[PDB]
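# Summary of the model geometry
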Amino acid sequence: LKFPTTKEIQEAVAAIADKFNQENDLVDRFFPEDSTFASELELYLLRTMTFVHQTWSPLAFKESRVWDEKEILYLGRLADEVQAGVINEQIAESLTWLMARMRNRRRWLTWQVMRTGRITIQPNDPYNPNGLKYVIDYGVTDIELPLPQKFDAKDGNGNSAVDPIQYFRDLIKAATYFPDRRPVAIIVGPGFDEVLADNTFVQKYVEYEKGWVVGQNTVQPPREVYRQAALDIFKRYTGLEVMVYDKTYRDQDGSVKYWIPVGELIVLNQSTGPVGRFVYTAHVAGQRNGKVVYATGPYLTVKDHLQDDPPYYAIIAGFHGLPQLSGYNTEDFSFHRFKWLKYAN
Amino acid sequence: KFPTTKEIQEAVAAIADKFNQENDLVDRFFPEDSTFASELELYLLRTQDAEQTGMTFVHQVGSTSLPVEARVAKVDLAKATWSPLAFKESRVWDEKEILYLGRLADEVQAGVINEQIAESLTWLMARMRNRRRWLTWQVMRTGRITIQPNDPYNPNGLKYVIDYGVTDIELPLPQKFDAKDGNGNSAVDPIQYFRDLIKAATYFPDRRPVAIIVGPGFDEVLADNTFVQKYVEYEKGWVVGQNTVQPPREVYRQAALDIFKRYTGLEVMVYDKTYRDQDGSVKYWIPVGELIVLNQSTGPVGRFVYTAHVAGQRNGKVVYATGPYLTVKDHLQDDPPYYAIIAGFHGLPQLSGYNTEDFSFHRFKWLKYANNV
Amino acid sequence: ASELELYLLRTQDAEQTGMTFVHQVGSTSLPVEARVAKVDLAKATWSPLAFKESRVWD
């Protein structure tokens, strides 16, 4: 008996989405969920006095994985009486892998639109069959930061060239007049402290406080300490937050890709909280027996091909999406909120 | 969220009526006809004239009649090897614009979709008509039909070389018209050239150039011909030695086609029309320079034939449609997101009645001289 | 609708004829190109303006 329950499918989709939103994350909180009824091909948006009296198209994606329906009716005709409970487990595992690659897709869109700014897709991706390309602009003043010189440059026994404490101090001085240019929080998912451990300017400044001079009392400040002390040291010196968030990536390559770039950093300066938006847009569904309706959540339903002489059993959680950038300024058209320097040589 | 089907058929008939209200040369030459057959006989046959005259017999009294030589239908016994090339097409719409118009036309879903319906129907009718024009003009300008994937309606390469055995589809020009000699003069009087064609056709019934077709301007080539220049000089009574010194080029251009049509007696017709095949360069069916003559008559040559409609037949014994059709395809439920309509035809234009006497048949020929632009 | 649809893009001409799609009958289908009309184009850039004006006499 291949009978699956539809309200129970909605409840299991609710449980799977509860598990998906259970694993919460920073980049999810930057570009959050939103569901409108009108797309109108509007992606790059603009958003930013109680008087005393007397440019894109919507980029969409849906998911469906096929299985062997002959294997399915094989097992469902063999295990006859406990068919429903045995098959609902496979329904659960199917919805698990479904929601897994779906959340990987949405979160993929978010970290791709952050660390690179733009979104262009290729036919060469094995994630998708066809891969027809579509490009989306950015609208930011500076997509990335300038550098005087790189950070993993060595001189002597162990020393890094430029001090990011002194450089962000100079940014504090230059942004005292304009507090929108002062970096509020820095974002680093994978490892970033091997260069701050190289800074014997900074290790020397720490042992100035600690009173063991590198030539007088101690011999060599061990960089393995500074690999997990440099966060507290850099925060004590400059005075901004450090947040560490990193995930895996399921693709044909199998290489676990961090979503923050390895090495350098990610910087916000203007504000704190959600930058931009993910926009759920409308799903095409059944028109109706009556009249039209647009889906307001990622719609999910089942497909049986028992009736069809070419058989294939699958399921689809069909919906359509849209990425939204940050609310642009009403003073200039380029709107800077995120930036990042680059020393990944 | 869809218009009516009989209203869509009436609207497509209205668009076809607006299309056919605009006539054409090539619509006059090859009017439509329909067959349930598909054998695609490459030639019709009709030949019985005074150039096929014959006469009765000198027979004596009281003897047996000397009978008729029956060479006509005996030589007419042959079989044709050709196959119809059916031309069918179907637009489609992305589901994004379907939902876009379902949202944007929440107040009036009828008209804002019916305008797109009329646009798609009329543009598809125009593409069909220009495909038929391509077929007819392409066979009339070369004698044969050839296909390759280089031509941008053919991504596939489904190529079918169809020839019709016209004897000399083209005409020898020893050189072009406007070959410059002396300082600069003409190589050949075109009118004296056409009267040489008549002079060769003094004994021949179907070599005598009756009417002529040309797409673009060749009149500047006429003005470069010092023969036509001297004709216009004698026409207005001017003398380049004595009366005038230099008339313009544009007196010559103005008087050239007039003096040509008056002296040669063949009707010059101009039917340059328009096609680009996704290349931007909208071209004329006849290229520049070279021109197509007719030497049999002026009248209908050939026949456009509708090949029978292949379709989902019915429950029982079948019958096919007899002209261009239309049907819609709704995929609002299906997994690939689209909507589509389809309206094709199955057909082929056929040539005229061949001569039943011999295999030779040539109502039209063409000569090439476009050596400089 | 005040569509702000400034530049109309309607190549509805006999100049843009193309041809019908040559296809082998009996074989599997191949539709005609709807991208010859349009595939993907951005939004229209206009500020759709307005005329309103009022007469007056004392």
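Residues numbered from 1 in each chain as written, not as in the entry; some residues may be left out. Chains lettered and ligands numbered in written order. Part of a larger assembly, values for the part shown. Heavy atoms only, no water. Residues with missing side-chain atoms left out of burial classes, pairs and counts.

What the entry reports as its method is cryo-EM, with 4.39 Å given for the resolution.

## Focus on the side chain of A:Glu69
Residues and elements named next belong to chain A. Mapped onto the secondary structure, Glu 69 falls in helix α3 (residues 69-78). Of note is the side chain of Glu 69, whose polar atom sits 3.1 Å from the backbone nitrogen of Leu 306. Separated by 3.3 Å, the side chain of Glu 69 and the backbone nitrogen of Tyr 313 make a polar contact. Sequence-distant contacts of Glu 69, that is, excluding residues within four places in its chain, are made with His 305, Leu 306, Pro 311, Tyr 312 and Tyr 313. (Helix = DSSP H or I, 4+ residues; strand = E, 2+ residues; numbered from the N terminus. Polar contact = N/O pair within 3.5 Å; in protein donor to acceptor, adjacent residues only side chain to side chain. Contact = heavy atoms within 4.5 Å.)

## What to know about the interface of chain C and chain B
Listed as interface residues are 22 residues of chain C and, on the opposing side, 26 residues of chain B. Here the residues of the side of chain C that touches chain B sort into 12 nonpolar, eight polar and two charged. (Nonpolar A, V, L, I, M, F, W, Y, C, P; charged D, E, K, R; others polar.)

## Side note on the packing of helix α6 (residues 200-210) of chain A against helix α7 (residues 223-237) of chain A
All names here are of chain A. Where α6 contacts α7, the axes come no closer than 11 Å and their chain directions differ by 75 degrees. With respect to α7, the axis of α6 lies roughly perpendicular. The segment α6 lies against α7, with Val 202, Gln 203, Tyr 205, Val 206 and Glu 207 engaging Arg 223, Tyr 226, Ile 233, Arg 236 and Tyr 237. A class-by-class count of the residues in the contact of α6 with α7 yields six nonpolar, one polar and three charged. (Axes fitted to C-alpha atoms, helices over the stretch in contact; angles between N-to-C directions. Parallel < 35°, antiparallel > 145°, perpendicular 65-115°, else oblique.)

## Focus on the pattern of salt bridges
In this structure, the salt-bridge partner of B:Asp94 is B:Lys96, at a minimum N-O distance of 2.5 Å. Here B:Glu235 makes a salt bridge to B:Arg262, at a shortest N to O gap of 2.6 Å. Of the two residues, B:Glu235 sits in helix α8 (residues 226-236) while B:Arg262 sits in helix α9 (residues 249-264), which places them 27 residues apart along the sequence. Residues joined by salt bridges that share partners form a network here, namely A:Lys154, A:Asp198 and A:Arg223. (Salt bridge = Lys/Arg side-chain N within 4 Å of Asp/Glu carboxyl O.)

## Quick word on the sheet that holds strand β8 (residues 291-294) of chain B
Residues and elements named next belong to chain B. The strand order across the open sheet formed by four strands is β7-β6-β8-β14, and the pairing between neighbours is mixed. What marks the edges here is a single partner per strand, and that holds for β7 (267-270) and β14 (364-367). Strand after strand, the sheet turns through a mean of 25 degrees between neighbouring axes, direction not considered. (Pairing = 2+ DSSP bridges.)

## Digging into the packing of helix α1 (residues 5-21) of chain B against helix α5 (residues 111-142) of chain B
Residues and elements named next belong to chain B. Relative to each other, α1 and α5 sit at 50 degrees, their axes nearing to 9 Å. Relative to α5, the element α1 is oriented oblique. Remark: the crossing between α1 and α5 carries right-handed chirality. Here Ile 8, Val 12, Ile 15 and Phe 19 of α1 come into contact with α5, specifically with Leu 121, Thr 122, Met 125 and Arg 129. Residue composition of the contact of α1 with α5, grouped by class: six nonpolar, one polar and one charged. (Left-handed = near helix turned anticlockwise from the far one by under 90°.)

## Notes on the environment of B:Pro190
Residues and elements named next belong to chain B. Checked against the element boundaries, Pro 190 lands in helix α6 (residues 190-200). In this structure, the C-alpha to C-alpha distance between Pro 190 and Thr 264, residues 74 residues apart in sequence, is 9.0 Å. Those residues in contact with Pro 190, other than ones at most four positions away along the chain, are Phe 177, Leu 222, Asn 225, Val 228 and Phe 260.

## Considering unusual backbone geometry
If a residue is not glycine, its phi is most likely negative; likewise, a peptide bond is most likely trans. A positive phi angle, near 60 degrees, is found at B:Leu40, a position not held by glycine. By the secondary structure assignment, B:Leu40 is in the loop between β1 (32-34) and β2 (44-45). One non-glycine residue, C:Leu4, lies in positive phi territory at about 55 degrees.

## Digging into the environment of A:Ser326
All names here are of chain A. Looking at the secondary structure, you find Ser 326 in the loop between β8 (320-324) and β9 (338-339). Put simply, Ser 326 and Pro 274 are 52 residues apart on the chain and 8.5 Å apart in space, counted from C-alpha to C-alpha. Setting aside residues up to four positions removed in sequence, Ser 326 forms contacts with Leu 45, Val 275, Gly 276, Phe 335 and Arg 337.

## Looking at the packing of aromatic side chains
Geometrically, the ring pair formed by A:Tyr205 and A:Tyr208 is tilted, given 5.9 Å between the ring centres and 40 degrees between the ring planes. Taken as a pair, A:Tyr205 and A:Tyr208 lie in helix α6 at a separation of three residues, close to a single helical turn. Connected via pairs of aromatic rings, a cluster forms that spans A:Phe61, A:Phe278, A:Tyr280 and A:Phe319. The ring of A:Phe61 has A:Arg105 sitting right over it, with the charged end atom 5.9 Å from the ring centre. If you follow B:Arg132 out to its NZ or CZ, it ends over the ring of B:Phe304, 5.8 Å from the centre. (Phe/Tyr/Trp six-rings, centres within 6.5 Å; stacked < 30°, edge-to-face > 60°. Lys NZ or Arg CZ within 6 Å of the ring centre and 35° of its normal.)

## Observations regarding α9(B)
All names here are of chain B. Between the first and last C-alpha of α9 there are 22 Å, a value that for 16 residues agrees with the 22 Å anticipated at 1.5 Å per step. Approximately 35 degrees is the largest bend angle found in α9, and it occurs at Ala 255. Residue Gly 265 follows α9 closely and has a positive phi angle near 85 degrees. (Expected span 1.5 Å × (residues − 1). Bend = angle between axes of the 7 residues up to and from the residue.)

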